[PDB]
Amino acid sequence: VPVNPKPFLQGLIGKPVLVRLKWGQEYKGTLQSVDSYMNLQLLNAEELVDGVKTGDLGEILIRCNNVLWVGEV
RNA sequence: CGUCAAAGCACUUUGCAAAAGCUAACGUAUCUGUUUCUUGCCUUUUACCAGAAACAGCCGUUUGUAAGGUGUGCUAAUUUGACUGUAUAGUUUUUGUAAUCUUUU
């Protein structure tokens, strides 16, 4: 039974989520809002670079160009 | 419809210039005259008959340009031209696969 990207991101909102970039980095955190262009927003995010935490930033938005991955923790 | 540029605008009165540029109604109209010839009917010439060629007038038409007139605006309206004139963050151009490092000559 089909599960489409909009409905998927409309159901992912709120829960813990990890998303990569095109440049290797992968950031975990809960999701607040999703535009029509995916174009993610995060809160309480910790940047895992090569499976290693670097800097805890907090409130975040990522431009939708760089997003490689979308899934869950 | 949109932009930009020019200009007052529409309507009107005169003046002044033009109107085969590659065969084509300046006028889907159309009349008179002069000269030179040819034929008609004729002897008074005019006035005429009905063909030609060559010239002319007249009744009109169009265009450009100049100055004006009326009505309207010159805190506007209208005309005229010109233009490579449209809106797309998700695969073929303007919302990026970029960033970065190292060796050779």
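Residues numbered from 1 in each chain as written, not as in the entry; some residues may be left out. Chains lettered and ligands numbered in written order. Part of a larger assembly, values for the part shown. Heavy atoms only, no water.

In its metadata, the entry names cryo-EM as the structure determination method and reports 3.6 Å as the resolution.

1. Focus on the pattern of salt bridges
On inspection of all chains with the given rule, the structure shows two salt bridges. A salt bridge links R20 to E26; the shortest N-O distance between them is 2.7 Å. The class of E26 is partly exposed, set by a relative accessible area of 26%. Residue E46 is joined to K53 by a salt bridge in which the shortest nitrogen-to-oxygen separation is 2.8 Å. Assessed through its relative accessible area of 19%, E46 is described here as buried. (Salt bridge = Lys/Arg side-chain N within 4 Å of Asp/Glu carboxyl O. Buried < 20%, exposed > 50% of the residue type's maximum accessible area, 1.4 Å probe, protein only.)

2. Observations concerning the sheet that holds strand β3 (residues 38-48)
Taking strand neighbours across the sheet as the criterion, the four strands line up as β1-β2-β3-β4 in an open arrangement whose pairing is antiparallel. Of all strands in the sheet, those bounded by a partner on one side alone are β1 (16-20) and β4 (53-61). Sheet twist, expressed as the average angle between the axes of neighbouring strands with direction ignored, equals 45°. Inspection of the sheet shows strand β2 (residues 26-35) paired to β3 by seven bridges, in the antiparallel sense. Note that in β3 the partner of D35 across the bridge is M38. (Pairing = 2+ DSSP bridges. Helix = DSSP H or I, 4+ residues; strand = E, 2+ residues; numbered from the N terminus. Axes fitted to C-alpha atoms, helices over the stretch in contact; angles between N-to-C directions.)

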